[PDB]
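Residue numbers (PDB author numbering): 1 to 215.
Read the structure below first, then the notes.
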C-alpha cells in the first residue's frame, strides 16, 4: 500500500484523494524527480503515481488507482453520476491550467525538486525548453481572467460543495486535485462555491492547499 509519487503531480493528487476519501492509510513516497529510472523499471513507463499494492504489485495510472481503490471494499463510493459537460470542462480547464502551473511547479520547488539535479531535470522538460513560457508568464493576468471566468462558469455548475454532480462522481476526483493545483497559481481568482467545494474536499482528503507555495 505504497504510493511512489512526485508531490505536485495531478495524478498523484487523484490517488491520494481516493485513499483520503476512502480513509485507507497509504505510504506516500515522494521520489526525487531525477528518479525517472525506478518508475520506468517498475511499470515500464516514466510516470508516477505508482501504487505498490499490498503484495508488492506496482500499478500505474491515476484512474486505475482511483477505480481500484474505490472498488477495493466492493462499495463504489464516488462513481454516482458522471456528467459529460463537467468532464469536457475539466479537460479544457486542465488544458489551460497546465500551462500556468508548469512554470510555478518549477519556481515553487516542490520536495521532488529538492536536488539541483531533480530541479534541472524537471525544468528542462517544458519550463526552460519552451521559451514561450516567458511570454505566457508575462501574459499571466490575461490567462488568470480566462481561467477565473471558466471557473465562475464551473462555480455555477457545482451542484454541491463536495459532490460536483450532487452525487460523488469521478468528476470530483479530477476537480478537487485541479483546483488544488490552481491554488499554486496565486493570481487565479478562485470563485466562492469553487473555494467552498475546494476547502471541503481538501479537509475531507486531508490535502493541504498550495497557498503557502503559491506564486
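All C-beta atoms, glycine included, are put in the ideal place defined by N, C-alpha and C.
To the nearest angstrom, how far is the alpha carbon of residue i from that of residue j?
i           : j           : result
residue 205 : residue 41  : 30 Å
residue 75  : residue 102 : 36 Å
residue 179 : residue 55  : 33 Å
residue 24  : residue 191 : 31 Å
residue 47  : residue 149 : 32 Å
residue 162 : residue 173 : 11 Å
residue 177 : residue 115 : 25 Å
residue 52  : residue 132 : 38 Å
residue 107 : residue 113 : 10 Å
residue 109 : residue 181 : 14 Å
residue 96  : residue 130 : 16 Å
residue 15  : residue 126 : 24 Å
residue 195 : residue 142 : 21 Å
residue 79  : residue 85  : 16 Å
Assuming residue i and residue j form a contact by the criterion Cβ under 8 Å, report the distance between their Cβ atoms to the nearest whole angstrom.
i           : j           : result
residue 83  : residue 171 : 6 Å
residue 49  : residue 11  : 5 Å
residue 81  : residue 166 : 7 Å
residue 144 : residue 69  : About 34 Å; that fails the 8 Å criterion.
residue 72  : residue 21  : Rounded, the Cβ-Cβ distance is 12 Å, inconsistent with contact.
residue 216 : residue 214 : Lying outside 1 to 215, the shown extent of the chain, residue 216 is not represented and no answer is given.
Applying the 10 Å Cβ sphere with the 16-neighbour rule, what's the burial state of residue i?
i           : result
residue 189 : exposed
residue 169 : buried
residue 208 : exposed
residue 104 : buried
Just list the residues that DSSP pairs residue i with in beta bridges.
i           : result
residue 27  : 2
residue 58  : 52
residue 189 : Partner(s): none; residue 189 has no beta bridge.
residue 132 : In DSSP, residue 132 forms no bridge with anything.
- prompt: Okay, do the segment 152-160 and the segment 84-91 touch, 3+ Cβ pairs below 8 Å being the bar?
  reply: yes
message: Any contact between the segment 120-138 and the segment 11-31? By contact I mean 3 or more CB pairs, one from each, below 8 Å.
response: no
task: Say whether the segment 183-199 touches the segment 118-126, bearing in mind that this needs 3 or more beta-carbon pairs closer than 8 Å, one atom from each stretch.
output: no
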